[PDB]
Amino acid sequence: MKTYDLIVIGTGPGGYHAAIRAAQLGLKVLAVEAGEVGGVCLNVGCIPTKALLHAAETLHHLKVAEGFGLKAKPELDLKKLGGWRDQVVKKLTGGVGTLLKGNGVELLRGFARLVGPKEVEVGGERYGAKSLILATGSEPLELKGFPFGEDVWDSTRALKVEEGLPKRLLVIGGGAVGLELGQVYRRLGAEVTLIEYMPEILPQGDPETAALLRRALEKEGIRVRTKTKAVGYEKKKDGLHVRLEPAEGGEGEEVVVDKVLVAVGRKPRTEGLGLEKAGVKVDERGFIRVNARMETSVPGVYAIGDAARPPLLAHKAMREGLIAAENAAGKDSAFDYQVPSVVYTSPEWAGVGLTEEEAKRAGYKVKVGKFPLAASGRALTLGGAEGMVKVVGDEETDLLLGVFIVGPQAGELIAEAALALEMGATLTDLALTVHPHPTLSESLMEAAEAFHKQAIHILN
């Protein structure tokens, strides 16, 4: 039985980060992967999705481009786009392989079962180690009445735009995945309706900026139905007749689509692993219970990323992987960081910290500052501005509490907000930082100024 200092189950963002960081710390590491190296993010999540969005955006912007003399008759070859998407994934997943090898990590292909705290079985063989890190990720959450099949897709199938664009698509789920894929399909020419059970899309994020995203999506012809649920459907000669009803119940309406995309959530892949028999506690939804050190109920066994707890984000899994490895290596690390969330639609949506409501519920004397992109010189030089930056803070201490952005490059601008939170910046600190002009980042500075009623580019 080969032994190691640490064994990592899963080479997804969380896993390959834990494996590599562990190696850097001098541990002999074994990494197990049942499928494709790189996990969901690189294979059927983040990466291919961002690639499709970039192509869709390049195509879409050509319309506005006509406004400044750019005449063209674009023709997007879907088979070619699919090829590129695949080439991008292959590069990145291959890169991780190279990365793992360069750090002296042993990569084992196969499904791993947890034989016990310090032991694991793969392809028949057994393997031991003083520390085990569980990073098995998650999978698409099924929806009652809409089982996955030929006409009901999960995000993975939805990525293969070269296998047939449906004339009409129904997207169930107003979260990041649903919004992104819905927009990709719309820009590729399909009619798209998206429904969300909660009062607003991005239910966990700031409602005001999330509403601006929704209205922007609807301007592109995407029909967004909030406070709505899909009850069931029936396949007929002309398509899938889907029954929608208000969330709280009531008179329903019927729509006909060719395909349905179910993106209502994710399910942690923690079943048939042996966690049960090994004394590792899992909660109601299948998430492995852990403390801030990423430690499970079993000493020496850690859990990270999507399999451990929400939010199901890649950067969060990456950091938890670092924390887990560091503790396996003997250090004293804990996860206590601001975690931003981004939606790569156009416009983009990004948030970090507390919403006005969470802040108030927390007892702060909430005050907010807003700056619209319509007043951004940079936004105008980019072809037009729709969006805004909202900063949430405490008016007594002047402490920044949360930042929410909707507009181009929101995902890039939120990192500054995250650093701000980590550094304990006040609204004044943010307002006094000299941002380069002209840039979209100035909206953050101006929002901070609006918070003190002294923004310059808008009337206060």
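Residue indices: 1-based, along the sequence shown.
Of the two stretches examined, 30-38 and 408-416, the record assigns the greater average C-alpha temperature factor to 30-38. For the pair 123-131 and 76-84, the mean Cα B-factor is higher in 123-131. Between the residues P117, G239, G369, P340, it is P117 that shows the highest Cα B-factor in the PDB record. Within the group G351, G175, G274, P347, the record's highest C-alpha temperature factor is found at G274. In the deposited entry, the Cα temperature factor of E358 places it in the middle third of its chain's modelled residues. In the deposited entry, the Cα temperature factor of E196 sits in the bottom third of values across the chain's modelled residues.
Among the modelled residues of its chain, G300 has a C-alpha B-factor that falls in the highest third, as given in the PDB entry. Among all modelled residues in its chain, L380 ranks in the middle third by Cα B-factor. Sort the chain's modelled residues by C-alpha temperature factor and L261 lands in the lowest third, per the entry.
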